[PDB]
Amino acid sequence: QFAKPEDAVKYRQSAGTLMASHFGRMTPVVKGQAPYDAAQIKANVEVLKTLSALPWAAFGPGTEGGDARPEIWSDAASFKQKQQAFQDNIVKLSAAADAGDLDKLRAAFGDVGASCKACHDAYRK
């Protein structure tokens, strides 16, 4: 969907920015610093679920560029492994949010965040 590779760069950056907002805005809730409203969290995690699927096509074949580490494309299968792990952790977070239990939310939130970090540690400068 990208006329030039730089359009893929801008897309994936914007997807990451939105994911950070929808993930990180829950930090006070998972720490107990803000109240837990199950319906609020369920709706927000649905948004995050949608967003969470978006970057990866824009890191696929022919999207070389930007400031990411080049192993995304030279080791594309390894990048996909990190993606799979992340997307599976997102499913667990959706299940926690759908269940309406703060304990499950806390655990799944940590699972997701560690998975974001694992990919960044390998591929983000």
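Numbers for residues come from their place in the sequence shown, where the first is 1.
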| request: Sort 90, 41, 68, 34 by C-alpha B-factor from the entry and give me just the highest. | output: 68
| remark: Chain-relative C-alpha B factor for residue 107 (record values, thirds): the lowest
| Cα B factor band for residue 62 (lowest, middle or highest third within the chain) | highest
| note | residue 52: CA temperature factor from the record, placed by chain third, in the middle
| task | Report the third (lowest, middle or highest) to which the CA temperature factor of residue 76 belongs, ranking only the modelled residues of the same chain. | result | highest
| field | Position of residue 99 among the chain's modelled residues by C-alpha B-factor, lowest, middle or highest third | value | highest
